[PDB]
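Report on the structure given below.
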């Protein structure tokens, strides 16, 4: 739901895998368990928790308070029923569905948000219900269930983009677009950060900037950064919050690897132990390394091992297997030679290869017109 | 002819009868993190991932110690 | 359901050349389960560890080695070093006696240049065999035909592509005749 | 200049602007020349000059490329840009044509 | 934040001349955070607010002094910004020695 | 530029052709003009052999 | 042949191991494995096989793309008996330098004058007017 139980119950990832940080997460998880009817979530995740000595103490009170508030919402629903009104029943069934999202059961909340989803007099409250399924779909990390109601609720809006509704839907686009590895189309989503604000429902503003600084810092090149973020005053405002981000932006844009590799361990450790950002930690590292190697290797034709080793601050034995793996595996530039122990590339990728970029579509189109020949007579 | 696909589908039924929903759930433990993700990138990410699964998985935390030693 | 055989044998004969393209653009839950036992070894081909993967193959190998006569896999057991030395051909030129020889699990001066020469006599790569002080060099020029005899390079590409696209023009001329034939 | 206001970035922009004028002054007539023969006139190190130069080639303000082992400067350009753009756009736009054709025929047949 | 909460209780109340100090310093802190649009918005609000009230040269010249830095931050036109620093120097003339030496320092800068 | 300028409408043609399929309302054929464009484009092919003859002998 | 008849005798797996070593091409393992064959009387026939593949092994090691020195041919080639330097001097017919083997006619071919491929390009244009405009 929109309560802080989404984040407190969202720390279960760092509560589960590492055993070092599993103390504060169970501290504010057990302390916050008396809030927002957290019984069923932590009872489901009880295998990753402590023993049953103190566990069975509060279950008897939470299981009876759940039935008490549940039967009070049922009596209020029966009082709202059999009466002339539309928003009253939507508020009763919607509040019941919000409590069923507090307990963390999407069966009665699925049929509840289905009933109040069918009682939507307007499309705005319908999109509000869709968002009510997205706020719990983030915790449930479902793929299609959160894209179906947004695919159906996306078209036929006709009421214009609000300041927090359409912007909130764009924030959700940042969420599921950060889950997926799509970057070249997700680089346009965070451009509306001027109208964004502190949203305690899903993600704080500083967490939204901290999450978009990876897709913006890695998924964008130097002209894209200079056009979007360097020209924009938003990162100039939010860089004063943490001095590290300014180092990872001015050091990367300044091409200083001696400090970027010394400080990159904070990006390595901070990159993991996250709910939605951990399983992609392997792609950001390699993609950022090959992006920096293409950045430095773009303006440089030949490169000696002395200036390279002093520039990157690492031994030659490691960059040997680095470029050796990035010739075939990386596929960034032409073949490299070591006849003089000097990185020397040619890169004839403009004159003839600029015309040869269409031969792939010519061969695939050739197989497609061979399929067109297969359609003939049958 | 389309009639020779039947024994091959019987072989697929034998492969499905070897393990009953064991690779679907066990492999679904990673597929739940791989679902809806472009499988074209999963070949490179799985290539370097499986390549570094044996040793030097991260290696970024070790460079800080390799600076003074190399 | 049927393309898993032509695709299975396809990648099995494709990994022999050192470059093995996996399943990227096709999403169906048949070739996945068909490739699950073969995935560990088809990923183990590129790294090319002899002693470990040699035990990995026969360790859990049931069906791909129980397919019959183990011919192409018994050729693969010694083709691992040929795809690995082909990755060395895709690697830097100079060959050391300890670093890359110890890396290739082959530490001896004779069989190094002998087997590398066995990779040179194939003709799929390009090297410059020179002996000045004892080290074996190589030019390894893999530069594409860009600004290097282009007319003779893609001449047959233009002729062949115009032949296929032109018989496709016949394949868009004749079916209209088969259309207007009845009326 | 230690208590200088934020305009220090503008003063550095003037310094780098005169540096740009000198670079487009002496390098422009020199197609391939030594880095010390051309840097001896300004009697400055090649570190900051190399970083600013390579930064401005990465900014694509002019045609050029640096070097460290040999220091060879090469200047080249590719005038026919409007060919591969229109051709590639025709291929990408025709892909949808052939695919839609296979959708109409695949719809009418099976 | 506290300045915004002060604006919430100053825009409704009287004494519009007091809003010129907090909107001027608002442009100073948005310029310190390098924010051009909001500093121009607060600057324009201070202009349309202090247009009817005859402000003393301590606050009247600071509007043009900061305006020349805001316009000089994007480097649009140095003539208008030079007019803002010229009128700012005319406002800070013979009233404070550091403000005058930094006023002529800003004239020679722009 | 004219070829792509017609292909931008030929991207919208399979929708109408995928909806109605009955009757023709646009007097433009979109075919013979492109055939003429190919005829003007074949001058390079026909004169390439001419340059081959001038270069040869 | 893998009919699973015996599969434990050294003679059953001997031809496939020797042929797989032939795919590797390593001759040192065969020479060191010459004394590994049991009293089975086909060792002389194995020597006949080495006698009929020594022309291909020696022919491939003496390809001489750029150059090779005699100090490698001393170890790779056979014993000090001067049969290879005598028979190969009348078979290959190359030059013998100061204790070194020189390689000539390597990448020395001159490129074409671009005249004949222009004529066959003109013929291809004739075939393009033919096939493109034949039925008309």
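For a paramagnetic label modelled on residue G:104 (point 7 Å from Cα along Cα→Cβ), amide N atoms under 19 Å away belong, within the stretch G:24-68, to G:62-68. Return one number: the angle in degrees, 0 to 90 and rounded to the nearest 10, between the long axis of the Cα atoms of helix C:71-89 and the longest principal axis of the Cα atoms of chain C. It works out to around 80 degrees. If you take the alpha carbon atoms of the stretch B:7-63 and fit the smallest convex hull around them, that volume is 138 Å³ per residue.
I need the calculated FRET efficiency for the pair residue C:139 and residue E:17, taking r as the beta carbon distance and R₀ as 56 Å, to the nearest 0.05. Efficiency, rounded to the nearest 0.05: 0.10. Counting only other chain Cβ atoms within 10 Å of each residue's Cβ, the peptide F:3-14 averages 3. If you model chain F as an ellipsoid using its alpha carbon gyration tensor, with each semi-axis the square root of five times an eigenvalue, the axes come out at 38, 10, 8 Å, biggest first. Between the C-alpha center of chain F and that of the stretch D:33-110 there is a gap of 31 Å.
Compared with the alpha-carbon gap, the fully stretched path from residue A:351 to residue A:191 is longer by 54.1 nm at 0.36 nm per residue. What is the angle, in °, between the Cα long axis of helix A:55-80 and the longest principal axis of the Cα atoms in chain A? Nearest 10 is fine, range 0 to 90. With both axes taken from Cα atoms, the answer is about 70 degrees.
Apply 1/(1 + (r/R0)^6) to the Cβ-Cβ distance of residue F:2 and residue G:66, taking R0 = 56 Å, and write down the FRET efficiency to the nearest 0.05. Once the sixth-power term is evaluated, E becomes 0.55.
Using equal-weight Cα scatterers in the Debye expression, the normalised intensity of chain A in log10 at q = 0.07, 0.08, 0.10 Å⁻¹ is -0.48, -0.61, -0.86. Model label sites at residue A:151 and residue A:254, defined 7 Å from Cα along the beta-carbon direction, differ in position by 4.7 nm. Taking square-rooted eigenvalues a ≥ b ≥ c of the alpha carbon gyration tensor, is chain G rounded, prolate or oblate, where a/c under 1.5 means rounded and, failing that, a/b exceeding b/c means prolate? Oblate shape, in that a/c is at least 1.5 and b/c is the bigger or equal ratio.
Express in whole angstrom the spacing between the alpha-carbon centres of the stretch C:99-158 and the stretch C:7-84. If you average the Cα positions of each part, the centres end up 26 Å apart. When the Cα atoms of the stretch A:231-353 are aligned to their principal axes, the ranges along those axes come out at 49, 32, 31 Å in descending order. As a length-normalised measure over Cα pairs under 8 Å and 6 or more apart, the relative contact order of chain A settles at 12 percent. Where only DSSP H runs of four or more residues are counted, the protein assembly as shown gives -19000 deg cm²/dmol as its mean residue ellipticity at 222 nm, each run worth -39500 (n - 2.57). On the basis of the beta-carbon distance and an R0 of 45 Å, residue B:56 and residue B:1 show a calculated FRET efficiency of 0.30. Projecting label points 7 angstrom from Cα along Cα→Cβ for residue G:40 and residue F:54 puts them 7.5 nm apart.
What's the whole-number percent of alpha carbon pairs in the protein assembly as shown lying beyond 44 angstrom? The answer is 57 percent, as a whole percent.
The alpha carbon centroids of the stretch B:1-43 and the stretch A:318-378 are separated by 31 Å.
Need one number: nm distance between label points at residue D:46 and residue F:37, each 7 Å from Cα along Cα→Cβ, rounded to one decimal. About 5.2 nm separates the two model spin labels. Structural descriptor for chain G: relative contact order 17 percent, calculated from alpha carbon pairs under 8 angstrom and at least 6 residues apart.
Using ideal geometry, Cβ is built from the backbone for each residue, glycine included, and neighbour counts are taken over all protein chains shown. We did not get these values from a lab; they are worked out from the coordinates using the rules stated.
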